[PDB]
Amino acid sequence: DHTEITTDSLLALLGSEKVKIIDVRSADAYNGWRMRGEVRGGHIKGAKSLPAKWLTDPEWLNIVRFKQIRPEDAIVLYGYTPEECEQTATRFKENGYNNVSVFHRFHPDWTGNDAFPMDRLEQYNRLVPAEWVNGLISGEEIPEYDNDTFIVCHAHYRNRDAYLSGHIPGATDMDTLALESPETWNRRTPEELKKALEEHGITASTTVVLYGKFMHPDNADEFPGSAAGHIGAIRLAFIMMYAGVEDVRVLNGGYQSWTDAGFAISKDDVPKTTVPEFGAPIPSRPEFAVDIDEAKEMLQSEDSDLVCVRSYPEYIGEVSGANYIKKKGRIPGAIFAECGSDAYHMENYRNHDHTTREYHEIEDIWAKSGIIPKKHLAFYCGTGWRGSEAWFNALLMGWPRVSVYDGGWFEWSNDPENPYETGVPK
């Protein structure tokens, strides 16, 4: 039996540092998706995201603490209904949080009056929920979509089994080698790009929906990237967006999210349906891609920064980060934005279910090191995969000048003329 907080008391508490307001709905609803047909979607201004879905995760309590939600705080929970909050509030009280309220009236009361402040992930419609994808493939009517032509694409890196072992019904598979070169690990040339997309059945006016499957990347193995399918997907989204595919979506949390929602999976080897003309000059969005000359410019410019999205061991030069990279070190002058544990994991940018981490946290961490939207930013990692994921996050926030420096450490370290640092920073 939980305390209730009224609409009015809550409104008067929105600036209080001791109150933590916690949205227990899915991360996609938090982000903006109007999952119940609500007119204004997103979250109560200043609310944190803690999906009720995550209650079955053993590390639940560490997530909460890592979100800086403390027993001294006044916790106010809300969902689509008060009932979805029941289990969360119990769980809080069971772990020593004695000040816990539930707000009953988020929808329709808070959402359906414009005096009540809400916030949302500005380009949330590019980061789609499973149910939207289901709607799309089922012929159903769905929000944030006014197109007649789509294609669901399962990304992988030389591992068709990641697709054949189970995929979204009707999706075709795209190897990441179709759009990037194994020589440079950079995007392919315009001509190749054109030909590969045509042959994958994609025009500039097609709504492409990208996802991949997480298969527990193991650093020991020859091709750990073959198991990091949803990073690969976001990488391909980058390239398609650069190319000039106007509407690219990424399924949030990958294949995982589709199955977690209990939707059916296929094992067919779906053949491609080619199209003859992409229908647009490639690349339409060249500003998304930055190359080494420009990268160098950006390093000696107040207006701009390179953002290093690698692991800490890579950063200090303990490991190269991959088995085809010989040199260990970092690019001098970049801003570190620690990806996670190694080159095939993105823990700092993701939740345990692989969905994007609460965007406010990404924002504030980035802000603490001067990664801010008024700069031209180029995100990079070893070859551009984690760079892409970081870039995509910034993009989702509406950041006006974000890029991927494609070459990354692999390109930079391949010229022995290029300077580099190593060891613990100074």
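One-based numbering along the sequence shown.
Chemist: Mean C-alpha B factor from the entry: is it higher for 81-89 or for 178-186?
Modeler: Comparing 81-89 with 178-186, the higher mean C-alpha B-factor belongs to 81-89.
Chemist: Look over 250-258 and 67-75 in the entry and identify the one with the greater average Cα temperature factor.
Modeler: Higher mean C-alpha B-factor in the PDB entry: 67-75.
Chemist: Checking the entry, which one of 114, 347, 314, 353 has the top C-alpha B factor?
Modeler: Each of 114, 347, 314, 353 was compared by C-alpha B-factor; the highest is 114.
Chemist: Taking the values straight from the PDB record, which of 342, 338, 277, 119 has the highest C-alpha temperature factor?
Modeler: By C-alpha B-factor in the record, 277 ranks first.
Chemist: Is residue 18 in the lowest, middle or highest third of its chain when residues are ranked by C-alpha B-factor?
Modeler: Answer is highest: the recorded C-alpha B-factor places it there.
Chemist: When the deposited Cα B-factors of this chain's modelled residues are ordered and cut into thirds, is residue 264 in the lowest, the middle or the highest one?
Modeler: Ranked within chain, residue 264 CA B lands in the highest tercile.
Chemist: Using only modelled residues of the chain, where does the Cα B factor of residue 150 rank: lowest third, middle third or highest third?
Modeler: It belongs to the highest third of the chain when residues are ordered by C-alpha B-factor.
Chemist: Going by the recorded CA B-factors, say which third of the chain residue 35 sits in, lowest, middle or highest.
Modeler: Highest third, going by the recorded CA B-factors of the chain.
Chemist: Splitting the chain's C-alpha B-factors into thirds, which one does residue 27 fall into?
Modeler: CA B-factor rank for residue 27: lowest third.
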